[PDB]
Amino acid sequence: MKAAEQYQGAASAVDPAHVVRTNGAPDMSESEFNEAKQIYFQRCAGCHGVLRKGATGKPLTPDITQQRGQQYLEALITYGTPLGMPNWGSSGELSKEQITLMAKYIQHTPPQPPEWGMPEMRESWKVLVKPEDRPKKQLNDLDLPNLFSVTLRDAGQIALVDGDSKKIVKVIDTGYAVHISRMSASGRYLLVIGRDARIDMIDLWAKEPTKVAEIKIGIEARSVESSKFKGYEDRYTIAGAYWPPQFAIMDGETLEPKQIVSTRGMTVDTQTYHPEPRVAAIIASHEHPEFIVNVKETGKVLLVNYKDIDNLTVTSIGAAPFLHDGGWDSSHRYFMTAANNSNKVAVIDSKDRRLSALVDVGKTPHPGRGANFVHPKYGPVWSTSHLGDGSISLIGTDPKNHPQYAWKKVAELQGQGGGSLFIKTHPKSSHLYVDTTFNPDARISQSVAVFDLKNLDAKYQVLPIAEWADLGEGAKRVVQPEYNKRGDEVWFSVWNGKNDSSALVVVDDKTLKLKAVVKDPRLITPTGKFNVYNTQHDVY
C-alpha cells in the first residue's frame, strides 16, 4: 500500500539552497532568440558545439558569459581572438545588430536539441532489399576493387567512378553531404554516412549497385566503420554521432540497430563532466574484436569489444582532448590519431590496449588517415599535414626494430604553406602528395605539393591541379589525394562551388603528368573520393 512510500520518503541529501535557477540573461524576443539561434548553428556550433563547450578557452555558458558582460562579449565577437576565434564584425560577416543579439543569446541557457534513442532509430531503420533476396554472386561485371566512391557533397548523393574507365557508373541518393565512405570486410558492401547521421548500405553485386539498408543514428554524424577482425566479417557496423553524443552498433548485413552507448562522461585532462563529447574517427581492430572510437572533447579512445554485444565491454583509454581524424600505421597495429587542437598525435596500441605515447607536432595536425613510408635514416614512419602550419611531421612507428626512433617527431618537411588537409602516398609509389585546400592564397589552395621519397631532402614540385581541370569561375579548392587499386595514378578532387563546375583530376604517379580529367553535370561539389580496395585494406 504505502509502506514503500514511507521507505523512499526521506528527504534528499541534496541541499535545495545549492540547487539554482538558471536566469539572469537580457530579455530576448521569440523572433530575436530564433534569429541568433539560426546564426549560432550556421556559424558557431561547429567549434563551440551544441552546448557551447566544444572549444578551448572558457565556455559560452551563462555563468561565464554573464560574468563577462554584454559589451565584453560584443567586443570579443567583433574582433575575435588570435587563438582561433575569428572576428565577425571587422570581417563584415555579421552586423552590429546581429552581434548584439549573439551576445544576448549566449547569456541565455543553451537550447537543447532532442535525443535519439532506439525508438527513433528503429523507425529510421529501413531494409530496402532483404538479404534473402540479395544476389549470391556479383551480377554486374564492374571492376569493383578499383571503384572510387566520390561524394557529391551539396547534391546529397554519391557517385561510383570506375577507376580505369574514368566514367561515372552510377549516382546514388544518400544523406546530405556525405563525409566518408567505408567498405565492409568482404568488399561487397559500401557504407556511406551523411553529416545528418543517415547511413546507407550499398550492394556492389546487384545488376547495378543498389541500396539495401538505411538507418539514422542521430542528428549529426561523421564516421562509420565495419568489423575487420578475423571471423567477424560483416557481423557488425559501428557509427558515431556528434549529436547526440553517442555511438551505435548495428547488424552488418541489415543495419538493424542493436546497441546505443552514450559518450557523456569525464574528460581525461580535467576529469570533469562534459555534456557533449562528440564521437569522431572510428577504426576497426585487427588484433582484437574491437572498434577503436575517438571521443573528441573528453580525449578518450574507446575499445568497443563486439565479442558479446549483449554484455558490452569497453576500455576507455586516456589520450589528449580534441581527438579528431587518424589512421593505421604500416603494421596496422598502432592507431595514429590527431588530437588536432591539442597539437598532439596520440598512439593507440591496438594489441596491448594502451596508449603508446603522445607526440608533439605542429600547429593543428590534420592527417586524415595519414601516409606511411620507410625513411632511409629513420626506418618506417607515419606522416601528417597541418592546418595552422605549413609543416609535415614524420613520426617513427617501428618500436621493435627502431626503438631509437619511435613515437618521436624525427624530422620535418615543409609544404606550400598552411591550410593543408591530407597527405598521401602508396607502397608502389615513390611520391608523397600534400594538398593545401584551406590555404588563404588562391594559387596555393588550388595546387598540391609532391615530394620525392627517393630523395627526400629536395624541394617539392607544385602541380596545378585546378589549372589542368580548366573549369573557369570558382575558388576551385583542391582536396584529398587518393590512389587507385594499382597505385600508379593519384586521383584529385576540385571542390568547386555547387553552382560552378567541378571535376576529378587524375595524375600519373610514375610521370607526375596529367592523365585524365573527369567532368559531368552530376559531379556537384566533389569532395571525398574513396578507392574501394585501398580503403578496404587500409592502403595509405
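For every residue, the number given is its place in the sequence shown, counted from 1. We call the rigid core the largest set of C-alpha positions that still match within 1.5 Å between the two forms.
After a core fit, the C-alpha atoms in 6 other deposited structures of this protein lie farther on average from the shown form in one of 384 to 392 and 238 to 246, namely 384 to 392. Between 251 to 259 and 110 to 118, the larger root mean square Cα shift in 6 other deposited structures of this protein, once each structure is superposed on the rigid core, falls on 110 to 118.
The stretch with the higher mean CA B factor, choosing between 501 to 509 and 50 to 58, is 501 to 509. Annotation for 122 to 130 versus 293 to 301: the higher mean temperature factor (C-alpha) is found in 122 to 130.
Among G175, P275, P244, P367, the highest C-alpha B-factor in the deposited entry belongs to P367. Take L255, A103, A248, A284 and read off each C-alpha B-factor from the entry; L255 has the highest.
Among the modelled residues of its chain, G474 has a C-alpha B-factor that falls in the middle third according to the deposited record.
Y433: CA B factor lies in the highest third for its chain, per the PDB record.
In this PDB entry, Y236 carries a Cα temperature factor that places it within the highest third of its chain's modelled residues. Per the deposited record, the Cα B-factor of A25 falls in the highest third when ranked against the other modelled residues of its chain. Split the chain's modelled residues into thirds by C-alpha temperature factor. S31 is in the highest one.
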